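Asks: Okay, here's the structure, questions in a sec.
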Amino acid sequence: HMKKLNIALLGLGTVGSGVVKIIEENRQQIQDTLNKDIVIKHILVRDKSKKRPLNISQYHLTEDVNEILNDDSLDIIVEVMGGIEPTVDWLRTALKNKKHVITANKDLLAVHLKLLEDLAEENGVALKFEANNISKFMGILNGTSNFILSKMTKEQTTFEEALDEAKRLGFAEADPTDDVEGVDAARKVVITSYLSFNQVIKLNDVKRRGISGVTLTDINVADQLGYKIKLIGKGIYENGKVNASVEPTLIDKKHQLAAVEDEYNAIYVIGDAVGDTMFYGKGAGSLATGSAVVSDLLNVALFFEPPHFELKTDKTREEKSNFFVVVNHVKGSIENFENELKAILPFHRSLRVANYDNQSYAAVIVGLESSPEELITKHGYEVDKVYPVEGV
Amino acid sequence: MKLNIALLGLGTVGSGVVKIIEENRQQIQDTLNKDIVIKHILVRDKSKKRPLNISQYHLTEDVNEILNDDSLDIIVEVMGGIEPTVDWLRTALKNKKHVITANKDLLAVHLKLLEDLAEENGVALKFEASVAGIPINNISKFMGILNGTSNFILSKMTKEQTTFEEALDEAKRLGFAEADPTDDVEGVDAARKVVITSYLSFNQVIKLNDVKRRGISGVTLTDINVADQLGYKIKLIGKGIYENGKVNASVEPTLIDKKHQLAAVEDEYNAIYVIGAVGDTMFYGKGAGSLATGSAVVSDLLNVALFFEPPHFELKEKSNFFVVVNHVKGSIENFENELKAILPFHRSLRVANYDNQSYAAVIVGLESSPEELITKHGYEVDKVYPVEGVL
């Protein structure tokens, strides 16, 4: 009665080891409940000679990916290796050979997801990835960076101190660049833009600034103006074009994102249409990723014998920018600065100013068409920096 | 080339389902080789005007015309009601018809009996609701703001410093509250959602009357402002805790720590905060609208059509209270000392001025409400609200 589901795993780090253990703990349940025996026939690793737990030595380990790609008995390839090259080519081959692919590859971007999704549909197999009317999303997409900002804000420390504390507590890696320079968040913006808008952008299309230049002063001045500072990954889909960014952003304290602290993440979604929504939760770990992979595996196993959007233009049943500008080497009183800004700015909804430091002021300006940075510079102010301002 | 369906009900949700099917019919035909035919639509009154506005479908007032039509593959119910709606669905299922329902009045007892009856007859039962798409485990606890009107009222009292009565009239004026707002303000709607959420979160059926329920009509500006000074907002919280085989479900005014993600949920927005191990999660949003519900129904419809008709094993609680006491003679220090003497052991205690000869206390780490105890020591307890989010 029972049919074998022959799979192979590409990679055996923490995620791969987790997938194996999960399959093992549940094999009997999956057999007796779903009448499918999952066999892990091959596991690709980089070094087959290195010492591993006893359970791993039950399985056939190989260093040759072609052994897996040429094995016609295989039904599904599970990739947890990472990398673009050559990993993506491996997956293309799998798909072309009529193998279903489940991947938890963290380095895949929208270009890759698109090309694999099509190639899969083309070959009549599934592609499961473990990374409408949506017009805009804003997210806190990197735990470490958010942890650091939370620590600076709550404990009144410098970025440097907060970063060291994050290293000490395990949140930050020894080289934290990917987190603190916003690269990880930018990758997630690419992926989220693909899933939200069905549009492919490149990583380098995401305008990116990290948090390493955020200071306690920025935090406390924002605070006094009614804002928190978060690293926000943002995508706006206007007139056929996605505008994507990651950068330090002031968020009104009453906005739902303002409350998202420490290593928690959140994605705030805005639509045509319906009211706003948000999903909040911590970054997924190895066990949860492994768990998703096996879920996807069981789902595809019921794919045994589309890229469709439902159009909702039955909906006929019925975008300014804000900025935080820091100027230094000023030049007279805060009232004078305020007055000069009122004279020079194009039309806008509101303007507030505050003391920032010695001969330094900040302004929050709501409702401009565009950054006033150049304009303020041309009027003889040294602009330290400009952060976008979000929420209401 | 196919899929004969009938709709029970044609309000905004039903009208949305029809229009979505129409807009996508060609795509569903050419891309999934299935022609969806809406063969009948049951309405209570065929002579009443609607959206459509005038349409090409067969409208009927006789449900038996639909239930006896053996050409039908799927019944989509968007009518509402328990009686006779549930019986209609039982008949459909017994006649080997798949059922998709977005019925807002269904409780866990009904979902359970239909789920079983469906499995018994080898057909799908897809349940669609509600919002904060309820799916769309290892959950030990959930807390939610589950009723827009009640939350709107508390937000208005808090932000604009008005009385409950004023905030309620303003909510009526703005459309958020109905003329008889009982279902919202007495927490009944929230309690229904607690029932459903407990069923989906814990796979346990509780009755609406098992939900310990208190509405917001007794919440005053004083409660709000005292809570504010103590570091809390007041929300109407629907809560389910699954401990030792038993679900404890409630809906009542609750102090929520200001840092808690639920504290920020204002106006008509809703949210469901889920605890289990892993991190906490939350879904935030307004109560899903007609178009989104309709969209889910058609998704469920396509899913059922495409496949024409079980948890893994990753194995490898005190309470806090806000107590208001009146007709207290003596100082706040004396009250504090008297509470320290009479309470059983607990983690912490703070007291505040509430009104003339009236004090409030936030007590952390009791097993149950100290109301009876405080009463038996001769104090007049005004009320007790639970306190959440501490730590």
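Quick mapping for you: the protein sequence lines, in order, are chains A and B. Reading the first sequence from the start, the letters are residues 0 to 130, 149 to 322, 329 to 341, 353 to 426 in the entry's author numbering. Reading the second sequence from the start, the letters are residues 1, 3 to 133, 135 to 138, 149 to 288, 290 to 322, 329 to 335, 353 to 427 in the entry's author numbering. The C-beta atom is built at its ideal place from N, Cα and C for all residues, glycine as well.
#1: Going by DSSP, what residue range makes up the alpha helix (DSSP H) through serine 152 of chain B?
#2: Would you call the stretch 111–121 of chain A and the stretch 179–192 of chain A in contact, with 3 or more CB pairs under 8 Å?
#3: Could you work out which residue in A:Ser312, A:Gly156 and A:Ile284 is closest to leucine 248 of chain A when comparing CA atoms only?
#4: So, do the stretch 226–233 of chain B and the stretch 174–181 of chain B have three or more beta carbon pairs nearer to each other than 8 Å?
#5: Just the C-alpha distance for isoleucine 410 of chain B and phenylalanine 358 of chain B, rounded to the nearest angstrom, thanks.
#6: Between the stretch 307–317 of chain A and the stretch 13–26 of chain A, do at least 3 Cβ pairs fall closer than 8 Å?
#7: Given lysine 47 of chain A, which residues of its chain have a CB within under 6 Å of its CB, disregarding the five upstream and five downstream residues?
#8: Can the beta-carbon of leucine 108 of chain B be found less than 8 Å from the beta-carbon of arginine 204 of chain B?
#9: Looking at the strands, I want to know which residues DSSP matches up with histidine 99 of chain A.
#10: Apply the 10 Å Cβ neighbour rule to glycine 307 of chain A and answer buried if 16 or more other Cβ atoms are within range, or exposed otherwise.
#11: Quick check on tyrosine 211 of chain A: does DSSP put it in helix, strand or coil?
#12: So is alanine 276 of chain A in contact with chain B if we call contact Cβ pairs under 8 Å?
#13: Could you tell me which chain A residues have their CB closer than 7 Å to the CB of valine 311 of chain B, listed as they occur along the chain?
#14: Find out if the Cβ-Cβ distance for the pair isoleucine 75 of chain A, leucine 4 of chain A is shorter than 8 Å.
#15: Could you check where the beta strand (DSSP E) with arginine 386 of chain B kicks off and where it finishes?
#16: Taking only beta carbons into account, state which residues of the stretch 294–318 of chain B come closer than 9 Å to chain A, listed in chain order.
#17: For the stretch 9–18 of chain B against the stretch 50–57 of chain B, are there 3 or more C-beta pairs whose distance is under 8 Å?
#18: Applying the criterion that 16 or more other CB atoms from any shown protein chain within 10 Å of the CB defines a buried residue, is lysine 335 of chain A buried or exposed?
#19: Between the stretch 25–49 of chain A and chain B, which residues of the former have a C-beta closer than 9 Å to a C-beta of the latter?
#20: Could you check which residue in B:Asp279, B:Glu116 and B:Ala305 has the C-alpha nearest to that of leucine 180 of chain B?
#21: Secondary structure at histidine 413 of chain B, three-state DSSP: helix, strand or coil?
#22: With DSSP as the reference, please indicate the residues paired to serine 394 of chain A in a beta bridge.
#23: Could you please give the first and the last residue of the uninterrupted alpha helix (DSSP H) stretch that includes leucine 43 of chain A?
#24: Just the C-alpha distance for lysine 419 of chain B and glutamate 182 of chain B, rounded to the nearest angstrom, thanks.
#25: Residues of chain A with a CB under 8 Å from the CB of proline 52 of chain B: which are they?
#26: Could you tell me if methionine 295 of chain A is buried or exposed, where buried requires 16 or more neighbouring beta carbons within 10 angstroms of its beta carbon?
#27: Return the Cβ separation of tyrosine 285 of chain A and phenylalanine 154 of chain A in integer angstroms, given the expectation that the two are a contact with Cβ distance under 8 Å.
#28: Check whether the Cβ of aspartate 63 of chain A lies closer than 8 Å to any Cβ atom in chain B.
#29: Please report the distance separating the alpha-carbon of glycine 288 of chain A from that of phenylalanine 214 of chain A.
#30: The alpha helix (DSSP H) with residue 142 of chain B in it runs from where to where?
#31: Write down every uninterrupted run of the alpha helix (DSSP H) in the stretch 183–228 of chain B whose length is 4 residues or greater and which is fully enclosed by it, in chain order.
#32: Throw me the rounded Cβ distance for the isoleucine 39 of chain B and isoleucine 6 of chain B pair, which I believe falls under 8 Å.
#33: Anything in chain A within Cβ reach of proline 329 of chain B, meaning under 7 Å, just list it in chain order.
#34: Verify the CB distance criterion: does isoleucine 249 of chain B have a CB-CB separation below 8 Å to chain A?
#35: In this structure, how does DSSP classify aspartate 293 of chain B when only helix, strand and coil are distinguished?
#36: Alpha carbon to alpha carbon, how far is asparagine 163 of chain B from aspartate 201 of chain B? Give it in angstroms, no decimals.
Replies: The answer reads as follows:
#1: Element bounds for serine 152 of chain B: n/a, residue is neither H nor E.
#2: no
#3: A:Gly156
#4: yes
#5: 13 Å
#6: yes
#7: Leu60 and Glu62
#8: yes
#9: A:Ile75
#10: Counting the other Cβ atoms within 10 Å of the Cβ of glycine 307 of chain A gives 16 or more, which makes it buried.
#11: It is helical.
#12: yes
#13: Per Cβ cutoff of 7 Å: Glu333.
#14: By the CB criterion at 8 Å, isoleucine 75 of chain A and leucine 4 of chain A fall inside the cutoff.
#15: 384–391
#16: Listed in sequence order: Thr294, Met295, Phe296, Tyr297, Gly298, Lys299, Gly300, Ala301, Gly302, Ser303, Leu304, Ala305, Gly307, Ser308, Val311, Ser312 and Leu315.
#17: yes
#18: buried
#19: Using a CB distance below 9 Å, the part of the stretch 25–49 of chain A facing chain B consists of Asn25, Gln28, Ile29, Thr32 and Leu33, ordered along the chain.
#20: B:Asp279
#21: Coil.
#22: According to DSSP, residue pairing for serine 394 of chain A in a beta bridge involves A:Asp391.
#23: Per DSSP, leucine 43 of chain A belongs to no alpha helix (DSSP H); it is in the beta strand (DSSP E), 35–43.
#24: If you take the alpha carbons of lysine 419 of chain B and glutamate 182 of chain B, they lie about 26 Å apart.
#25: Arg340
#26: buried
#27: 7 Å
#28: no
#29: 11 Å
#30: Residue 142 of chain B falls within a stretch that is absent from the model, since chain B runs 138 to 149 with no residues between.
#31: 194–197 and 200–214
#32: 6 Å
#33: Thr32
#34: no
#35: In this structure, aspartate 293 of chain B counts as coil in the three-state DSSP scheme.
#36: 12 Å
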